[PDB]
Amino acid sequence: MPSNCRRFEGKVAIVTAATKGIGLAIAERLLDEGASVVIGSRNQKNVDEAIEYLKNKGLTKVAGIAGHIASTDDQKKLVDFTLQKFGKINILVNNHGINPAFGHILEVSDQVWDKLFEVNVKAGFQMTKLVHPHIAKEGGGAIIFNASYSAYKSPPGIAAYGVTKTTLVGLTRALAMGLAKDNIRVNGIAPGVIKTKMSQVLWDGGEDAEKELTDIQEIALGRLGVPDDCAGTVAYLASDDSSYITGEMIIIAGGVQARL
């Protein structure tokens, strides 16, 4: 698990929606590598539990602020809080996304459609616009989007959600092309089924949904992912180990095929 990598000493990262699951694993890895990290999520109780969990592991250069990531008020509070705590921003990890609908795409109301894009796409664009001048001031940095393997392979039941993740592939690229002038690299991850609360539904009940879903999605490595399976990639994408990489998506899905 430990890499002795210390690629983030003197860096400040915001990780949105990072009190559980993938976002929390990302924050932990950045802290392990020397970063200062601000995490956010809606519920102060989750912020508190996450901060405690991290500080119990000796990861103390972390602060947390509760807010709704699609609230323009709360977006500004998150960015300003980061500047107040640590004085600068180098890295933004847009990890937020909602998956509330489950059903046929024809049954997605216009309201739910707009809400999916508001939280899953627009809020990441808004957060990028807010952090941009601060990252640019440091001479550059990194922005990472957490999309989904469903961006490439449209899934049943949550297809509208999948479309918003396709959108993030394009948004990642567009911001990469537009922010290169500021030496800000924009990349993304596209995780497969990761065992978190959002995907609990699918794989509920041990091996039965954890063994058929395994080879129903066609996962070559024969297991579902865990949150930490995303952290090494985000750390790599935010570090100088990827200094010549921008605009790219890395699929983290155990070998499931959906593009060349």
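Heads up: residue numbers just count along the shown sequence, starting at 1.
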| query | finding |
| --- | --- |
| Stretch with the higher entry mean CA B-factor, where the candidates are 210-218 and 47-55 | 210-218 |
| Of 233-241 and 13-21, the stretch whose C-alpha atoms average the higher B-factor in the entry | 13-21 |
| Most elevated Cα B-factor in the entry, residues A66, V38, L30, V193 | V193 |
| Record-listed C-alpha B factor of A101: chain third | highest |
| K88 CA temperature factor, ranked by third within the chain | middle |
